[PDB]
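K.L.:
What follows is a structure written as structure tokens; I'll ask about it next.
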Protein chains: 6
Amino acid sequence: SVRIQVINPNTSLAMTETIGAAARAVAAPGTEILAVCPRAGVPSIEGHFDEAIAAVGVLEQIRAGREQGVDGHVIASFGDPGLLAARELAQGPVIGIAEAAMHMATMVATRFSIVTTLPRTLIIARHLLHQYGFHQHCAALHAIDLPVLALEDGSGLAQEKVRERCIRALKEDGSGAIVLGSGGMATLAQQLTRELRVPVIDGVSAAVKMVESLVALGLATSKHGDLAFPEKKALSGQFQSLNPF
Amino acid sequence: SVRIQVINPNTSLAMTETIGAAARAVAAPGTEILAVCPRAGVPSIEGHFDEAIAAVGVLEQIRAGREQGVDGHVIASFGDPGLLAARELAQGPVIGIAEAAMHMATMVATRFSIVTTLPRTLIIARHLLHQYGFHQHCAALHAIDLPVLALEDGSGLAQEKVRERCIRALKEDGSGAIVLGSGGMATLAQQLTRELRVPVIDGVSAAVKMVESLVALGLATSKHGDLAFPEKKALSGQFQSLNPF
Amino acid sequence: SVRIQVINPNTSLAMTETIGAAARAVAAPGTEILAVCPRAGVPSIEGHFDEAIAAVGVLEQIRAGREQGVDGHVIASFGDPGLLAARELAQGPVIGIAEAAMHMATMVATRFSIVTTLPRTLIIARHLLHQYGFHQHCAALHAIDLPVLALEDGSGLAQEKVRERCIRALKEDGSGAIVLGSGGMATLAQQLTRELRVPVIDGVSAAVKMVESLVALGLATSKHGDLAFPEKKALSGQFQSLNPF
Amino acid sequence: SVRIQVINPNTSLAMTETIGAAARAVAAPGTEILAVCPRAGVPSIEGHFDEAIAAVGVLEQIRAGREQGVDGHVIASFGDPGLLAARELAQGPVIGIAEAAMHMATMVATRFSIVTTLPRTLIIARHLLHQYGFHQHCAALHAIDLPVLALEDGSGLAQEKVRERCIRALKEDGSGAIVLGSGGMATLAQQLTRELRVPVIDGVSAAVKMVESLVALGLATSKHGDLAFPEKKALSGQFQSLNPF
Amino acid sequence: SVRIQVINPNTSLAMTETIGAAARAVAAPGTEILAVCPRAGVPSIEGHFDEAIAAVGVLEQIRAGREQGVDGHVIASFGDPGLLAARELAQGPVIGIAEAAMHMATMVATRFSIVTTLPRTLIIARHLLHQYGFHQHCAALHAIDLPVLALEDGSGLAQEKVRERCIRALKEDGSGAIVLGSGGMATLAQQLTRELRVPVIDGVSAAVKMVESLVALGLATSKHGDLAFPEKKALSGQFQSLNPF
Amino acid sequence: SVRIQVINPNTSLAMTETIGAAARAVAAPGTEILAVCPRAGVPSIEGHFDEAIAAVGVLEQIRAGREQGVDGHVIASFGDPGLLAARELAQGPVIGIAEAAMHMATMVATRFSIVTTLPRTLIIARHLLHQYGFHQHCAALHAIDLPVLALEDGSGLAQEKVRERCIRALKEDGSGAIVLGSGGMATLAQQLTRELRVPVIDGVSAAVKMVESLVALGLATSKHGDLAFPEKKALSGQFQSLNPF
Ligand SMILES: O=C(O)C[C@H]1NC(=O)NC1=O
Ligand SMILES: O=C(O)C[C@H]1NC(=O)NC1=O
Ligand SMILES: O=C(O)C[C@H]1NC(=O)NC1=O
Ligand SMILES: O=C(O)C[C@H]1NC(=O)NC1=O
Ligand SMILES: O=C(O)C[C@H]1NC(=O)NC1=O
Ligand SMILES: O=C(O)C[C@H]1NC(=O)NC1=O
């Protein structure tokens, strides 16, 4: 009845599997999850250069989703790359996982702490806090100091580091909830919530619920003004397939 | 399967009916709506004095809801009176309608305009924008300059004034969506959305979807720190029934 | 000549005595202090639930004060519960102790540190800093980690903890003054100011001086717009005695 | 018993008379007002260049006041020139009239409007709003578009323009109080308050009450850190008389 | 001696010519301007979708510039697309034209007004104001309500509309300078500055001077932390040529 | 061809020499540096009192510079004393060294750390961060805890303390660049940049490049509104020589 395209903005199939599993686990009856990733791009997003590439990969999948007539989209990287670009191209609502996780956090706690993977991505999360208006609601931001793909390397080291950092955050930061800062951390939320007795929030699952909510409310992206469909123009070279509508 | 207590913070049964109808219209399969209002309080909330009274009325119903073992609560007045107080008392999540409407607005538009009823309540909405962190996302705030209960007087004047103000807001404000600033405007959202071809958002319906989402995510109010259950103490006089837990 | 109603929002007579003593100690010649507390409510305010109850208790006393024809009111809890509600109901000015202490602090120092009692009340103080616009003027917020009523238990432990925390704040925070974050700390200000050679500010005494100042200036709460007397309506049950005017 | 030096930062004796009259009118029993102005400087302050000159003139009088052993000081220009410099040099508290008027405004209204004299001084008032943290509390800023000294030219034109602008501000701005943006407007506050039935606030009178309040509280400028007495050094030329202490 | 790559992020050669002419007109002796545009992309940037495409086009040229060993780069669209991504990839400094124009404006005026082309791009300029921290320095933002490429259509209509809007801005906004909000407006700055007797600032010319300044200071992008070279990884498909270093 | 007056706001000839050397080292071909200091004032600026004195000393030199017909001015103290006053008096652009250093820092790094000399001057730097709008771009502010003139005492202790503090800042703060917080640190920038492999920015050299840039762009201070020449009036006593124009 409801079809939601969950887009992993990086090209890692391993991370797409983790994201897809988290999305399906919370999906309402009648909801089909279409877990996808770009055909071309970057295996993991670890900075501004990676984000710019990922943004176009998102748009390629948004185009595919709109052609399929999906009800909504999820951008499944914690930088929410190409969010507003995607909202212009898509008819159905587009929700970022950082956006969704932060939104949910303010509903269950006064302040939250972010636990992400790489230190150099903290600035990206800081920018999003300011952009979304949740800076005052964020007590602290932390990184476990590992490459993004360490969450998929099977060692369990990244997962243990997340757990330890969450425990330390709840003791030190003066926050009531944890926002997981990675699509690769998606399947950790439930176990950490049960273990630590506080909301540990995965943006993937949260974004799925936001799309479902908006669809049930009969609400989609405003095509009045800022997020209207892109102005009609000829796209050249590698970009010519992005807007056939 | 899921029971959500939707609390009208004012004592108007007429407004409770409007709020209850909007909540049931969007409720997911398996969701039961318990539309309630305080036994004692104020017929409509039109200022800070009214809000303080309404806040205690909310708590009385929160207590009743928790005794019944409901899955979540909705505070159905645009000032979200007693929101954090309710989150302390309740186990299940508590979502305000102003909170929910503003949250939804940022997901479908870059900026939104608020249309409320009385001018003196604009300051309350301004304070909430700052508190929730959506001040930059709000292009303008407007009032139709009628008493709150004019929405329930059967004349249709308030409803027409809302429509006209929404049209003018979309032309002048530089916004892409409308946030309805009253529980009494709840049943107007769908018709105005279809008519104006932009998201016109009712917080009542939005808050219901937020509660459903949080319950499906296995998330509830953090009892770690700020929103923990109230400290054990003896309440005197009229307040003695508020915390029997 | 000038009568000021100093309202302890909690029901502790012990704290009312401390607050009353601090108010009378600085009162100008011709000023009578009416130290009161609600007939029904909470013994101490330690969270949002407690604040909501205290707010209505304040209003009950505001009503009594206005009937007596007092020149002004003081809300003597560091959360300033029901401040704007009280300003609507009262004719004479209403000053919160957090408000007054913060206002005074900016007049004698570039930045101040707050020392309150319970950790879970720090968020309430943070919210007030943002609401009043003094966030940039506050270097740090601290709690001594004891129940509010520990200040009245006769052990002197809370008083010693305040002193030690003030010393540590002045060494570490980069602030020039201390704002005491409790009505129960009211009588500590003078001794700590003399001992530490910096302004240690009690909001109770400060608020009394603000009321006296406004009365001498011939200024009272604006009844134009936002803080006008509450709209005429029937209050039901426990609330029916709040607005007989 | 209490001696307060009220410093007009400009060299206009006419404005010093207006400022002195406003200060004495509200002074508590036992308070002596010492109305002064710099021996050298600028007849009126109408920009940043004028402010820089006025700041040094303030310091010259602060030095004189401290030599006389006055209990406190008032800086009686709406730009509060040399406020922090004065607080370093003086032992007793130093209160600016813009500072005091804005502080009082937030105690009697949710939002205020500023009415000053020259348009080019609006930016100075804007900067002070941000510095003091009252930007959100200011609904609008207006200028009557006349030279500062027009208030002293005997025509009554400036006074009528202030009145008309206050009436228009209360109708349009969505504010509950007026802050007078000139030391030359000081004696207009009472009449406008009575006429318009809202708080029309003069910073001169307000600052006097703030000094009296701080003295009665046993509070003075913190000499710990930022506002400590200036570091011991040799001042050359025209400045050699500024710090003989 | 100094080679600066000035990148037009859109594919319009006409706009590249305008941008190149403005860059060469102010270039210091010894400075060579390399005016370029992407081989693939969008003819004009008129929204978030266009920006995402332009960002990758910028990166393609950044790669080419770094291979050539240029001293610095300029991103010549008013949305500064891919600015931080470019700073990661490039060794020499990368300056956006919106960034440079806003920076220059604060050095010659207290507040500035922005005049851009399309209304839907105003939100992009608003976001940059917040990101760069110049929101308080911007009095107003305006659009002439024409397509971006109207500046290159030879009619002179867009140019006249810019002039008229600048005149109206200086009369109404309370600003002292104009920031031109288009790379297509680059060659209008000098004539408008001379005509209106105020700074009318072109970001293209300003950014060139910023690059020259940084090179002369011996300063380049920090490779410590956030703007370090992208993490070593395999780029697939259309993106494989972006990082051969 | 281009003459830039670089004003040391303090009276230390030793610091004037350091400032002058840094300015000449980066000056473009054809640029003459006029390194000056006030005839009367303070040997070093270490607080608000010192700043007020320095501001008038700056104006005395601005007057001299304008009489000589210089192309621009630099205010060479990290508090940028009398910046807006100087912009009113001068025809050519006036750039502060704190202003210039902060501006440059945002062009080469996401966030910067400030290293100044005396702790009591940190508040002045904090105020400038807010005024210029770079608060979010500043990760931390540090002082080496020595008198300002320790940089000129020949011991090399201050220079070593700056180096050590820069190393610690880059390890702890999460910043990519260092802003030197003293005119006395001007000649340290190049060596520290080469040693630490990050941008270590001197405001003196940066401000010189900003003046050169503005002159080449044909841009000067706006005389429309806020920064117009001071209103024509008689200056008395020591101030009578400040505005002979
Ligand atoms: O994973 C991270 O830490 C951040 C972001 N990067 C990415 O490839 N997926 C993400 O969610
Ligand atoms: O209705 C309004 O305008 C505001 C708020 N007052 C109220 O009684 N219900 C509400 O939603
Ligand atoms: O005391 C505190 O710490 C905070 C606040 N609670 C209270 O009962 N009185 C108060 O002033
Ligand atoms: O008067 C004004 O408008 C502003 C300010 N200038 C001055 O000479 N005295 C003042 O209060
Ligand atoms: O031109 C504009 O209005 C904005 C931006 N778009 C673009 O194609 N070049 C620009 O500078
Ligand atoms: O030097 C400092 O630390 C700050 C400031 N004071 C001064 O005399 N020159 C300056 O740059």
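Simple scheme: letters A, B, ... for chains in structure tokens order, numbers from 1 for residues in each chain, numbers from 1 for ligands in the order shown.
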Using only C-alpha atoms, which residues sit within 9 Å of residue 30 in chain F once same-chain residues fewer than 3 positions away are excluded, as a list in words?

P.N.:
residues 1, 2, 3 and 27 of chain F

K.L.:
Can I get the selected residues back with N, CA and C atoms, as an mmCIF file, in the first residue's frame?

P.N.:
data_model
loop_
_atom_site.group_PDB
_atom_site.id
_atom_site.type_symbol
_atom_site.label_atom_id
_atom_site.label_comp_id
_atom_site.auth_asym_id
_atom_site.auth_seq_id
_atom_site.Cartn_x
_atom_site.Cartn_y
_atom_site.Cartn_z
ATOM 1 N N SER F 1 52.361 54.362 -4.860
ATOM 2 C CA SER F 1 51.028 54.393 -5.529
ATOM 3 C C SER F 1 49.887 54.269 -4.519
ATOM 4 N N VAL F 2 50.028 53.330 -3.584
ATOM 5 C CA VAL F 2 49.045 53.123 -2.525
ATOM 6 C C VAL F 2 49.710 53.353 -1.169
ATOM 7 N N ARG F 3 49.140 54.255 -0.377
ATOM 8 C CA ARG F 3 49.673 54.545 0.950
ATOM 9 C C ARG F 3 48.683 54.128 2.030
ATOM 10 N N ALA F 27 53.335 43.747 2.113
ATOM 11 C CA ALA F 27 52.861 44.839 1.262
ATOM 12 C C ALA F 27 53.134 44.575 -0.216
#

K.L.:
Give me, as a ChimeraX atom specification, the contact residues of chain D against chain F at a cut-off of 9 Å, counting only C-alpha atoms.

P.N.:
/D:11,39-44,46-53,55-56,59,82-89,119-124,127,130-131,225-231,233-240

K.L.:
Within 7 Å of ligand 1, which residues show up when you count only C-alpha atoms and all ligand atoms? List them as a CSV table (one decimal) with N, CA, C and O atoms, in the first residue's frame, please.

P.N.:
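The result, stored in pocket.csv:
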chain,number,residue,atom,x,y,z
A,10,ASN,N,25.8,6.3,0.1
A,10,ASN,CA,27.1,5.7,-0.3
A,10,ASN,C,26.9,4.4,-1.1
A,10,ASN,O,25.8,3.8,-1.1
A,44,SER,N,32.0,5.2,1.2
A,44,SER,CA,31.6,5.8,2.5
A,44,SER,C,31.7,7.3,2.5
A,44,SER,O,32.6,7.8,1.7
A,45,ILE,N,30.9,8.0,3.2
A,45,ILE,CA,30.9,9.4,3.3
A,45,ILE,C,31.6,10.0,4.5
A,45,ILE,O,31.1,9.8,5.6
A,46,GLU,N,32.8,10.5,4.3
A,46,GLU,CA,33.7,11.0,5.4
A,46,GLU,C,34.3,12.4,5.1
A,46,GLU,O,35.5,12.6,5.2
A,76,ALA,N,19.7,8.1,3.7
A,76,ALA,CA,20.2,7.3,4.8
A,76,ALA,C,21.7,7.4,5.2
A,76,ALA,O,22.4,6.5,5.4
A,77,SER,N,22.1,8.7,5.2
A,77,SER,CA,23.5,9.1,5.6
A,77,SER,C,23.3,10.2,6.6
A,77,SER,O,22.5,11.1,6.4
A,78,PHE,N,24.1,10.2,7.7
A,78,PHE,CA,24.0,11.2,8.8
A,78,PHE,C,24.3,12.7,8.4
A,78,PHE,O,24.1,13.6,9.2
A,79,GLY,N,24.8,12.9,7.2
A,79,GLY,CA,25.0,14.3,6.7
A,79,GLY,C,23.8,14.8,5.9
A,79,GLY,O,23.7,16.0,5.5
A,116,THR,N,28.9,9.7,16.6
A,116,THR,CA,29.2,9.4,15.2
A,116,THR,C,30.5,8.6,15.1
A,116,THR,O,31.1,8.2,16.1
A,117,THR,N,31.0,8.4,13.8
A,117,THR,CA,32.2,7.5,13.6
A,117,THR,C,33.5,8.3,13.5
A,117,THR,O,34.4,8.1,14.3
A,118,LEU,N,33.7,9.1,12.5
A,118,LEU,CA,34.9,9.8,12.2
A,118,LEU,C,34.9,11.3,12.8
A,118,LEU,O,33.9,12.0,12.6
A,121,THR,N,33.8,14.4,10.5
A,121,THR,CA,32.4,14.5,10.2
A,121,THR,C,31.6,15.2,11.2
A,121,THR,O,30.5,15.5,11.0
A,148,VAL,N,34.3,5.0,8.8
A,148,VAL,CA,32.8,4.7,8.7
A,148,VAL,C,32.6,3.2,8.5
A,148,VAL,O,31.7,2.6,9.1
A,181,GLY,N,24.9,8.6,15.1
A,181,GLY,CA,25.4,9.4,14.0
A,181,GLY,C,25.9,8.7,12.7
A,181,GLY,O,26.8,9.2,12.1
A,182,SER,N,25.3,7.6,12.4
A,182,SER,CA,25.7,6.8,11.3
A,182,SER,C,24.5,5.8,10.8
A,182,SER,O,23.8,5.3,11.6
A,183,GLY,N,24.4,5.7,9.5
A,183,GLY,CA,23.5,4.7,8.9
A,183,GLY,C,24.0,3.3,9.2
A,183,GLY,O,23.2,2.4,9.3
A,184,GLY,N,25.3,3.1,9.5
A,184,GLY,CA,25.9,1.9,9.9
A,184,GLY,C,25.6,1.4,11.3
A,184,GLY,O,25.8,0.3,11.7

K.L.:
Since chain A and chain B share a sequence, can you fit the second onto the first over all C-alpha atoms in order and output it as a compact mmCIF listing (two decimals) with C-alpha atoms, in the first residue's frame?

P.N.:
# COMPACT_ATOMS: atom_id res chain seq x y z
CA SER B 1 0.00 0.00 0.00
CA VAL B 2 2.82 2.40 0.93
CA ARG B 3 6.20 2.17 -0.80
CA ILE B 4 9.19 3.99 0.69
CA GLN B 5 12.52 4.25 -1.11
CA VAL B 6 15.31 4.16 1.48
CA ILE B 7 18.44 5.50 -0.20
CA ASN B 8 21.90 4.74 1.13
CA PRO B 9 23.87 7.69 -0.33
CA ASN B 10 27.12 5.68 -0.30
CA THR B 11 27.81 2.71 -2.59
CA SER B 12 28.50 0.14 0.16
CA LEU B 13 26.08 -2.77 -0.26
CA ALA B 14 27.03 -3.90 3.26
CA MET B 15 25.76 -0.60 4.72
CA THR B 16 22.70 -0.74 2.42
CA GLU B 17 21.88 -4.13 4.00
CA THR B 18 22.17 -2.70 7.53
CA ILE B 19 20.04 0.32 6.58
CA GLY B 20 17.45 -1.87 4.80
CA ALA B 21 17.17 -4.21 7.79
CA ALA B 22 16.57 -1.31 10.21
CA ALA B 23 13.93 0.19 7.90
CA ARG B 24 11.98 -3.08 7.49
CA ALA B 25 12.09 -3.85 11.23
CA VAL B 26 9.88 -0.85 12.11
CA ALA B 27 7.81 -0.59 8.91
CA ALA B 28 4.04 -0.44 9.44
CA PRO B 29 1.76 -3.17 8.00
CA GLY B 30 1.31 -2.45 4.28
CA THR B 31 4.65 -0.65 3.94
CA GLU B 32 7.20 -1.93 1.42
CA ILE B 33 10.82 -0.83 1.84
CA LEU B 34 12.93 -0.32 -1.29
CA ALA B 35 16.52 -0.25 -0.02
CA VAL B 36 18.81 1.19 -2.70
CA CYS B 37 22.21 2.82 -3.25
CA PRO B 38 23.74 4.82 -6.14
CA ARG B 39 25.24 2.98 -9.12
CA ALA B 40 28.17 5.40 -9.05
CA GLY B 41 29.79 7.23 -6.15
CA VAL B 42 31.70 6.74 -2.92
CA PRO B 43 31.85 3.61 -0.65
CA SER B 44 31.56 5.76 2.50
CA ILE B 45 30.92 9.43 3.26
CA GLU B 46 33.71 10.95 5.36
CA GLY B 47 33.78 14.67 4.55
CA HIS B 48 32.47 17.45 2.32
CA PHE B 49 33.96 16.07 -0.92
CA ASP B 50 32.29 12.70 -0.28
CA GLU B 51 28.99 14.47 0.53
CA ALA B 52 28.95 16.37 -2.78
CA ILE B 53 29.37 13.10 -4.70
CA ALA B 54 26.75 11.35 -2.54
CA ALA B 55 24.24 14.18 -3.16
CA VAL B 56 24.18 13.49 -6.92
CA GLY B 57 23.92 9.73 -6.25
CA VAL B 58 20.87 10.45 -4.08
CA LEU B 59 19.31 12.45 -6.94
CA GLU B 60 19.86 9.55 -9.36
CA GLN B 61 17.89 7.30 -7.00
CA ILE B 62 15.24 9.99 -6.33
CA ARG B 63 14.67 10.09 -10.10
CA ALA B 64 14.31 6.29 -10.16
CA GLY B 65 11.95 6.36 -7.16
CA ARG B 66 9.72 9.03 -8.71
CA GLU B 67 9.58 7.01 -11.96
CA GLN B 68 8.43 4.01 -9.91
CA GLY B 69 5.84 6.21 -8.17
CA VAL B 70 7.01 5.62 -4.60
CA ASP B 71 5.17 7.39 -1.77
CA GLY B 72 8.30 8.83 -0.13
CA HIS B 73 12.08 8.76 0.23
CA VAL B 74 14.69 8.44 2.98
CA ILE B 75 18.26 9.78 2.71
CA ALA B 76 20.20 7.28 4.81
CA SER B 77 23.47 9.07 5.65
CA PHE B 78 23.95 11.24 8.75
CA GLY B 79 24.96 14.29 6.69
CA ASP B 80 21.59 14.20 4.88
CA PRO B 81 23.38 14.91 1.57
CA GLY B 82 21.27 16.55 -1.15
CA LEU B 83 18.18 16.78 1.08
CA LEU B 84 16.74 20.00 -0.36
CA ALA B 85 17.81 19.03 -3.89
CA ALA B 86 15.92 15.75 -3.43
CA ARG B 87 12.83 17.57 -2.14
CA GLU B 88 12.78 19.67 -5.32
CA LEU B 89 13.04 16.62 -7.60
CA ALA B 90 10.71 14.28 -5.69
CA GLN B 91 6.92 14.55 -5.40
CA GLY B 92 6.67 12.45 -2.22
CA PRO B 93 8.33 13.67 0.99
CA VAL B 94 12.08 13.21 1.50
CA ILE B 95 13.39 12.75 5.05
CA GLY B 96 17.05 12.73 6.12
CA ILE B 97 18.17 10.36 8.88
CA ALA B 98 20.02 13.06 10.84
CA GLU B 99 16.90 15.23 10.53
CA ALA B 100 14.59 12.43 11.72
CA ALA B 101 16.82 11.30 14.61
CA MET B 102 17.21 14.85 15.94
CA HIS B 103 13.46 15.49 15.59
CA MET B 104 12.65 12.32 17.57
CA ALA B 105 15.27 13.13 20.23
CA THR B 106 13.59 16.43 21.15
CA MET B 107 10.30 14.57 21.68
CA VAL B 108 11.68 12.16 24.32
CA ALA B 109 14.43 14.21 26.02
CA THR B 110 15.35 17.81 26.83
CA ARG B 111 18.84 17.39 25.37
CA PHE B 112 20.65 14.70 23.37
CA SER B 113 24.22 13.62 22.61
CA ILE B 114 25.44 12.59 19.16
CA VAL B 115 27.76 9.60 18.69
CA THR B 116 29.22 9.41 15.17
CA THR B 117 32.16 7.51 13.61
CA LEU B 118 34.90 9.83 12.22
CA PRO B 119 36.06 13.08 13.93
CA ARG B 120 36.18 15.05 10.65
CA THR B 121 32.43 14.48 10.18
CA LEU B 122 31.60 16.24 13.48
CA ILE B 123 31.64 19.62 11.70
CA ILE B 124 29.02 18.32 9.23
CA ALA B 125 26.79 17.30 12.16
CA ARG B 126 27.39 20.71 13.80
CA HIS B 127 26.26 22.48 10.61
CA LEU B 128 23.08 20.37 10.46
CA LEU B 129 22.29 21.16 14.11
CA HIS B 130 22.40 24.87 13.25
CA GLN B 131 20.51 24.41 9.96
CA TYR B 132 17.71 22.36 11.55
CA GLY B 133 17.69 24.56 14.67
CA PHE B 134 18.59 21.91 17.26
CA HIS B 135 21.93 23.36 18.45
CA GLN B 136 20.53 24.25 21.89
CA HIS B 137 19.04 20.74 22.18
CA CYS B 138 22.41 19.05 21.61
CA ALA B 139 24.49 18.69 24.78
CA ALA B 140 27.56 17.23 23.04
CA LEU B 141 28.88 15.60 19.86
CA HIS B 142 31.28 12.66 19.93
CA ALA B 143 33.15 10.45 17.47
CA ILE B 144 34.44 6.92 18.13
CA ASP B 145 37.49 7.68 15.93
CA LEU B 146 37.17 4.89 13.36
CA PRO B 147 36.54 4.83 9.59
CA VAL B 148 32.83 4.72 8.69
CA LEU B 149 33.14 1.22 7.19
CA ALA B 150 34.58 -0.18 10.45
CA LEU B 151 30.93 -0.71 11.43
CA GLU B 152 30.77 -3.29 8.62
CA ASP B 153 34.16 -5.01 9.11
CA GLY B 154 32.77 -7.80 11.33
CA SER B 155 35.19 -7.24 14.22
CA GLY B 156 32.56 -5.72 16.52
CA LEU B 157 35.10 -3.10 17.63
CA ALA B 158 33.10 -0.11 16.33
CA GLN B 159 29.91 -1.46 17.95
CA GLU B 160 31.67 -1.82 21.33
CA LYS B 161 33.16 1.68 20.99
CA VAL B 162 29.67 3.11 20.32
CA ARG B 163 28.31 1.37 23.44
CA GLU B 164 31.18 2.64 25.64
CA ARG B 165 30.85 6.17 24.24
CA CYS B 166 27.09 6.14 24.86
CA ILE B 167 27.63 5.12 28.51
CA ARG B 168 30.23 7.88 28.96
CA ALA B 169 27.97 10.45 27.24
CA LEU B 170 25.05 9.69 29.59
CA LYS B 171 27.36 10.09 32.60
CA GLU B 172 29.13 13.30 31.51
CA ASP B 173 27.10 15.31 28.98
CA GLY B 174 23.93 16.09 30.95
CA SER B 175 21.75 14.61 28.21
CA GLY B 176 18.77 12.22 28.35
CA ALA B 177 19.04 10.55 24.93
CA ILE B 178 21.56 9.40 22.33
CA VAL B 179 21.38 10.15 18.61
CA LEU B 180 23.32 7.58 16.58
CA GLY B 181 25.37 9.44 13.97
CA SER B 182 25.66 6.76 11.29
CA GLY B 183 23.52 4.70 8.92
CA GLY B 184 25.87 1.85 9.85
CA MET B 185 24.75 2.11 13.50
CA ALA B 186 21.08 1.64 12.54
CA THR B 187 20.61 -1.87 13.96
CA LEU B 188 22.24 -0.96 17.31
CA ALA B 189 19.46 1.38 18.51
CA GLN B 190 17.07 -1.19 20.02
CA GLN B 191 19.71 -3.15 21.96
CA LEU B 192 21.34 0.02 23.32
CA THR B 193 17.93 1.46 24.29
CA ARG B 194 17.11 -1.71 26.27
CA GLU B 195 20.61 -1.92 27.79
CA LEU B 196 21.08 1.73 28.80
CA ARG B 197 17.41 2.40 29.71
CA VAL B 198 17.35 5.62 27.65
CA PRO B 199 16.24 6.45 24.09
CA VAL B 200 19.05 5.53 21.70
CA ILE B 201 17.76 6.76 18.36
CA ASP B 202 18.41 5.46 14.86
CA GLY B 203 17.57 7.96 12.12
CA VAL B 204 16.87 5.26 9.52
CA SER B 205 13.92 3.79 11.43
CA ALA B 206 12.80 7.28 12.52
CA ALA B 207 12.79 8.62 8.94
CA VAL B 208 10.70 5.65 7.76
CA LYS B 209 8.10 6.51 10.41
CA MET B 210 8.17 10.18 9.36
CA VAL B 211 7.48 9.28 5.72
CA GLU B 212 4.65 6.94 6.80
CA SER B 213 3.24 9.71 9.02
CA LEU B 214 3.33 12.37 6.27
CA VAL B 215 1.72 9.98 3.75
CA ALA B 216 -1.07 9.15 6.24
CA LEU B 217 -1.59 12.88 6.87
CA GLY B 218 -1.91 13.44 3.11
CA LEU B 219 1.12 15.73 3.20
CA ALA B 220 3.96 16.00 0.69
CA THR B 221 6.73 18.48 -0.19
CA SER B 222 5.42 21.97 -0.96
CA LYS B 223 5.80 22.81 -4.65
CA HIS B 224 5.09 26.46 -3.85
CA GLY B 225 8.32 28.46 -4.04
CA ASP B 226 11.59 27.14 -2.60
CA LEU B 227 11.07 23.40 -3.08
CA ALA B 228 9.19 23.55 -6.39
CA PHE B 229 10.29 21.19 -9.17
CA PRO B 230 13.59 22.33 -10.74
CA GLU B 231 13.28 24.99 -13.46
CA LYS B 232 13.07 23.41 -16.93
CA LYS B 233 16.56 23.28 -18.45
CA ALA B 234 18.90 21.01 -20.40
CA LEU B 235 21.29 18.94 -18.29
CA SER B 236 24.52 17.95 -20.04
CA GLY B 237 26.87 14.95 -19.90
CA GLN B 238 26.66 12.70 -16.83
CA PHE B 239 23.72 14.72 -15.46
CA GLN B 240 21.33 14.41 -18.45
CA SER B 241 19.38 11.50 -16.89
CA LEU B 242 18.61 13.26 -13.57
CA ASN B 243 15.43 15.10 -14.62
CA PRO B 244 13.46 13.39 -17.44
CA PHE B 245 10.17 14.69 -16.00

K.L.:
If you run DSSP on this backbone, which residues of range 85-177 of chain A come out as strand (DSSP E), and could you give them as number ranges by chain?

P.N.:
A: 94-96, 112-116, 138-143, 177

K.L.:
Could you write out, as a PyMOL selection string, all the residues of range 17-215 of chain F that DSSP marks as helix (DSSP H, G or I)?

P.N.:
chain F and resi 17-26+48-68+83-89+97-108+119-132+135-137+148-152+157-172+183-196+203-215
